[PDB]
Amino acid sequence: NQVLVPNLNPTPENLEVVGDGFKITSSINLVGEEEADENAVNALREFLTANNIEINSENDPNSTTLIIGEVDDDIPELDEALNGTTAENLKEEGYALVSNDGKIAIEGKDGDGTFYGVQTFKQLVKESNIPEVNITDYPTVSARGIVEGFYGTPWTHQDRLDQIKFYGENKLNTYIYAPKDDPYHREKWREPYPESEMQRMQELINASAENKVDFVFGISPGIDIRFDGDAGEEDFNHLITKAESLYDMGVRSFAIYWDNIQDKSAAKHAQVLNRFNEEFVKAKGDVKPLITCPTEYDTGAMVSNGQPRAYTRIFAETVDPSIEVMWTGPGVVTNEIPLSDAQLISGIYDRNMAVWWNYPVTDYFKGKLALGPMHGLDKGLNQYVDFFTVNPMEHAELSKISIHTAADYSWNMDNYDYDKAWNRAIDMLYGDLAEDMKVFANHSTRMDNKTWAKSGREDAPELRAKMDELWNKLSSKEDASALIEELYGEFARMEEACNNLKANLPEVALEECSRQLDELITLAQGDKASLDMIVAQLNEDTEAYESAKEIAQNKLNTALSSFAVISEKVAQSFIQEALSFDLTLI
């Protein structure tokens, strides 16, 4: 009977169910349209239209009533429908939502809050039914988003527009434009963008404003920027001119990055930032705090023997307090940011830090897709961090899985459950293909280049535990029949799921993962043959063993030889384990 609360992302801070729910009518009364946030109303109109829900011209008391507005708008209908629930005591971007007895109230703390209230409403409604809930909600972290800051083919204009919509839908409010292989960002940073590219930029800025996203325009001048004399003045004016060109199209957030460069002129880097902050940021008056990243940006690079290194010390002492400083954690690509690391670096800089999290980015190990949740990031990090971003894959569509979880982590940090969030991300993104995509993506969460880059949740941990249990059972001389049968089913399911994804995934997703799907099919076949080897030894069948051995070997060799990389420590490793296995040594 009772209408259940569907999947929500981010998880709202406070949600109480206070009723059995109700069906929203074929047409609705909309109150507060003209006074409420324009972008919130546009998003609401889009949703209603897309779900065949008409807006009434005149009030119909038989129709459902939706009341929308901000706390500073005088809407008595909103106050009545809210019934004591308030948004005024909530932080910026916060909102209140109350659905009760054919009335939905949405009250933002501000215009951004009202917009995010609409996003929750959009997720609450399934087949015109809505639960009866009392919500007050607001972000843990002030700035939440993406930094397109990877090497490789930059995202297409269409990728970016789609990403911006997606960020709005999941309450992510920051998009930093800084692709390493854009010549006009970095290599040829002084040169103005072509008109065609400037028109694309304008479209991105408009889409960002439409979805409450701060478009942050990045510039990376550190390769060859000159600091002193007339050359210094010429180059600084190039930064201003470039920034001005994007300011004039609507950009109100800026980043100047010093990462991955030869030059470590600490004072000079900070002085360029301070001058830009004085002469541009403070000058314009409506520009958000300047963002940067120093040349030392991971703790290994920044700290030695618990003390800052020379560059970091000078940069920290020189750089203006208002400037947002990014760092990546203990390493460039690392397992965790524990609370002690954030404490250390925040202490050195004497400010709340910004995070450039290098997951799900795969530019260092392009064969594998990073399809796992936010993992290893301390749930108290908000104590020392006010700005959280992820560096995504060049593969924009499949980056959404990990980004979806980052929205949950950054908005509701204290209740973040990586496993539940990961499942929720695939459920909400893939729909009817969600269960099959889970089977595939479960094998492609761990990033490990075998040396310096290690991050993410382990691949297929439940399957790996069962594989370990097989070897233990065999050594203990127990009957492994039931476990072997279970594993045959697991490996069959991997093949079945991937074949269904090849047949039915939309091309936008399939074009990014087709080789990885084939890779996991090949490994699954090798895994099946690996079980055949074990069963053959148990039955003392040499012919059957040698036949299963050559298949297992061929499948492993193909997997190892191919560009695609997946399930290294689970599906791939199991074949190697099974090839080594000699039952006569038990």
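The first residue of the shown sequence is 1; numbering continues from there.
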- Item | Residue range whose averaged C-alpha B-factor is higher in the record, 325-333 or 310-318 | 310-318
- With respect to the recorded C-alpha B factors, which stretch has the higher mean value, 83-91 or 161-169? 83-91
- Task: Quick one: which of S410, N449, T362, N134 shows the highest Cα temperature factor in the PDB entry?
- Result: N134
- Highest Cα B-factor in the deposition, which of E458, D182, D341, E234? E234
- Message: What third of the chain does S304 rank in for C-alpha temperature factor, lowest, middle or highest?
- Response: highest
- Taking the entry's C-alpha B-factors for this chain, is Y193 in the lowest, middle or highest third? highest
- Message: Please place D527 in the lowest, middle or highest third of its chain according to the CA B-factor in the PDB entry.
- Response: lowest
- Query: Within this chain, which third does the Cα B-factor at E13 fall in: lowest, middle or highest?
  - Reply: middle
- Entry-reported C-alpha B-factor of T584 relative to its chain, by third, is lowest
